[PDB]
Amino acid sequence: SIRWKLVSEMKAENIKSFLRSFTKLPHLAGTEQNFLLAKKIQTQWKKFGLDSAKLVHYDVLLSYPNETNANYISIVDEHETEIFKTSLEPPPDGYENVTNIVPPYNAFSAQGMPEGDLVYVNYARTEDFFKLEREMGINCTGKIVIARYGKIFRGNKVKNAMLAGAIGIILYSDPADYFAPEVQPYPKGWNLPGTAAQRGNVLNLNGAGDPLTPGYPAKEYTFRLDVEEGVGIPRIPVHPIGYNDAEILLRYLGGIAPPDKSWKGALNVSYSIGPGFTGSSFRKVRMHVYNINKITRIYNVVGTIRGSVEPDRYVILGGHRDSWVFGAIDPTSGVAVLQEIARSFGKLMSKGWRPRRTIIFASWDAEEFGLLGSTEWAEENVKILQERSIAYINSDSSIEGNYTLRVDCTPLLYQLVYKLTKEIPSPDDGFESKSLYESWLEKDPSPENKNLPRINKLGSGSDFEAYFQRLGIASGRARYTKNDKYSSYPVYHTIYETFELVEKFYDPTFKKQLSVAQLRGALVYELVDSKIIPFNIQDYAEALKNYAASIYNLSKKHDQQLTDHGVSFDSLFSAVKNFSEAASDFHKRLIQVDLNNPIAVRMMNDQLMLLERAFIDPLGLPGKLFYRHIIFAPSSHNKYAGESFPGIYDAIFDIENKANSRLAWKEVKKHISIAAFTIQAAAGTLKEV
């Protein structure tokens, strides 16, 4: 009943009004406007009747362009004359009086003015650089590389380019990846204009949080690394340009033809690889990048509704509010959703309801600079969060497309997600009498089971990362997305993410955003109020069987080497079998618990709460102290994607090219052994005696 009142109280029109109110001005992390927005959210939470709503600050390293030394890329001739220089642009229609839009840049780029020959490196993925070096005869050492955005997180591209020896990397938005067919560019449609460039940071933090204070919250007194030693800071310049400018740089590239169609984007240029130019005054490319890194105060808003029975157990509903410009999709659509969820919980409170456990609401700052606000607060509060948290539900963008739902969560949460989506009306045209679960199932069926909707593994990409990958708190993300060959959505991280874009092109009725609010809010409600925490551990058992089969299958091409080096997956399969038995027995006992015996209920709830924690190894993964989950990690090739059995996967990846096979296969054996132990230990936490 109460769940229905929570869901039914939420209104599309309220989400619309919140979104309009938060998207009139830019709200970049570390700027006065994003502090004002924090205070507005805080005022609203107090009005809604939350028990607390406080600003919690940190002083973390941020990065901004230098207003008096603007960044650019140029082409010079052999006489050092600048022949072309990249450029810039007015605010979107209606925003003419907005004066502090940050120009395009890649936060945390190194400073410098490298000059050299240009080489096109496709998406700058690991496989693209392998191809260049191993198949194409191209040496990127000492070159400036140009890569198209898309497919993977941009910091991975920069890491890859550094490894390949490039001295600078230019990123651009190819219309193949950011221009949907038969749609007009903004403002007439929702596509990316050729003058616009995508902002975004290019760190490789691997879960560290503020670069200067890995492991510990960035308080006033806190020891800071020297900036030159900041974690994840790239060592070459990086800058983004739009496709009009990229076309000019790519047009006269010479050398080898593109190797196959998968390397050719959509511009009217050959997509030859370089190095060097042909057919032109075009002689060398230069970058000039002089962004400033500076310690800057950021502010989270953290509020609570204290539990009436288990105040020392938490469900976290957290979403970022900092944007690159107006951020009407990212994150402000999620900011509006979070406010409407908080308002609805306040309405329940007004009629005398209080949750069983405690809800923590959080509006995070500086997500765009490396998940900084959410990570520093996890670092501050780790001791209470790791011993008391039930789950983390994110509230970043709600409306990245208008096709269907996309959910990423731990297997613990699959059952609850499917249950709740069955009870929320579908917002989709043609599904007027059906549930969200029904439309989602039709539009995105699971590859492993055709009669369930797809749910993806957690890697990174938003503020749940430290909660799940470092602390082992069950996490979930849900939002509307596209069906569509473009990456993200066309105007992602540009000036064109405006309220008008969302209202006109994405979700005019706000019904799709409403459905996402209802699901996020209902997840928090069931996790915080149910007497027995609504996880299912047998779904985790089945997931482990799938992951074990997958990593074993990846090893088959090396079967002879497994034999010769005495590598076996037997202990991993044995642990998975033992875990399946323990999970079955646990659920058999759980249905017998005496619901009227509070300590009996609390003991089994502690087993449900602590199961995800069992997968966290304090030693971390190789080279990555802050990714500690043995079953999942963000991919080392693309932090946006989750990878299963990451220690094993990274040990076996490209193993045939390792210099020392005996050493390489011993590392595979190491990670197989760690994974077998960790699963067996997790199974041990479920045992009755």
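The first residue of the sequence shown is number 1, and the count goes up from there.
Note: missing coordinates for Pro90 occur in a third or more of the other compared entries bracketing this position. According to the entry, the stretch of the deposited sequence that connects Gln111 to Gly112 contains no residue lacking coordinates, so the chain runs unbroken between them. The stretch of deposited sequence separating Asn483 from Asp484 contains 1 to 3 residues lacking coordinates in this entry. Stretches 428 to 436 and 143 to 151 differ in mean CA B factor, with 428 to 436 having the higher one. Higher average CA B factor: 182 to 190, of the stretches 182 to 190 and 102 to 110. When the C-alpha B factors of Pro331, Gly303, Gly207, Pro91 are read from the deposited coordinates, the top value falls at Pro91. Of the candidates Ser580, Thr563, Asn201, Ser270, the one whose C-alpha carries the top B factor in the deposited record is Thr563. Ranked by C-alpha B-factor against the other modelled residues of its chain, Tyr221 falls in the middle third. In the PDB entry, a CA B factor belonging to the highest third of its chain's modelled residues is recorded for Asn97. Looking at the C-alpha B-factors along this chain, the one for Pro311 belongs to the lowest third. Ranked within its chain, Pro259 lands in the lowest third, by CA B factor from the PDB record.
Ranked within its chain, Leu663 lands in the highest third, by CA B factor from the PDB record.
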